[PDB]
């Protein structure tokens, strides 16, 4: 259980790892990698459901999105598993959800620094579900949800 404890401490370092792209825009306390992966996981869940997947598969897409950026704390990191979860069939949702998360955040930061919108423009998405959410996101450009 020692290596599992080390891995959990290690996962916490993503709370301390800035999404660095925003820093040159002058955004001083940007989202962390953990924050990005949080919302990307929830978007991947939505993408899968909208693409006709079961809830069980949508949960796999979420989890795969959570695991996707763990390497940015540094296989290897995952040695404490002998095996090796199979995410190959939800990687499309993860890829699209990561890009859409970026675009959401670009829209949201554009209220402080107009240029942040660039991060949300010209995004290339693969799934129709992702392209539909993206269209609406860009047609509203309204991060006020309350």
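Residue numbers count along the first chain shown, from 1.
Per the record, residue 74 and residue 75 are separated by a gap of 10 or more residues from the deposited sequence that were not modelled. When 17-25 is weighed against 118-126, 118-126 comes out higher, by mean CA B-factor as recorded in the entry. For the pair 36-44 and 83-91, the mean Cα B-factor is higher in 83-91. Of the residues listed, 107, 70, 59, 65, the entry assigns the biggest Cα temperature factor to 70. In the PDB entry, residue 1 places in the highest third of its chain by CA B-factor.
Ranked by Cα temperature factor within the chain, residue 111 sits in the highest third according to the deposited record. Compared with the other modelled residues of the chain, the Cα B-factor recorded for residue 49 ranks in the middle third.
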